[PDB]
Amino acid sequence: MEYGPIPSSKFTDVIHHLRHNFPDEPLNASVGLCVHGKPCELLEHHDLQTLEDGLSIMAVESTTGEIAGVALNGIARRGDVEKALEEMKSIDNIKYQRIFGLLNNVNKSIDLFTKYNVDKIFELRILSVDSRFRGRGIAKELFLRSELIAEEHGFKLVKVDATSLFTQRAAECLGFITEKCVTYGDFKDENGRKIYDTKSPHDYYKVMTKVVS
């Protein structure tokens, strides 16, 4: 298992990895936006920009060369959220608004930039480990490695939208604090029908945070 940067060359490698793996993400699942093998071009654009910040780590299989997992890291800045919410209005895909409305509202509703007095935040945004290679403590390694990329680039706060409770555990293990905790059940539409019908054990979404060097 080898942990290194992601060259410009391996970007559609990564996308074809995400297509085939990342769709069974808890939140995604409960609204159903993206699906195995088929492109989800909407998100794939965000991910392409996050990748171009060039802080993003990958795990390659020593012996086969196959893409095992990735941590996509991006620089968040003041007003980024507010821009995303304004841009989200013009976009007219209801599923997308349910996912990212929750994410951006929750984030916006705790000014972390003000809380910790910082102008940029290191964001572990997307954490993918292939179906095949999943459960061998690879995420935990990607996470730890992501934390150290932050300290090398002189960031002060690392933050993660921990929708998966496995991702919460990893964060717990590196000593991350829960900033906001929100239950997926709490959100019901005009009828009273649950909007995030999440399958256990992912009963809540945590924004989680660690202060670094």
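Numbers follow the displayed sequence, beginning with 1.
In this entry, 84 to 92 shows the higher mean Cα temperature factor of the pair 116 to 124 and 84 to 92.
Legend: mean Cα B-factor per stretch from the PDB entry, 55 to 63 versus 176 to 184; the higher mean is in 55 to 63.
Per the PDB record, 38 has a higher Cα B-factor than any other of 153, 145, 156, 38. The deposited CA B-factor of residue 108 belongs to the lowest third of values across its chain. Ranked by Cα temperature factor within the chain, residue 211 sits in the lowest third according to the deposited record.
The PDB entry assigns residue 160 a C-alpha temperature factor belonging to the lowest third of its chain's modelled residues. Per the PDB record, residue ranking by Cα B-factor puts residue 34 in the highest third of the chain. Placement of the Cα temperature factor of residue 68 within the chain: highest third of the modelled residues, per the deposited record.
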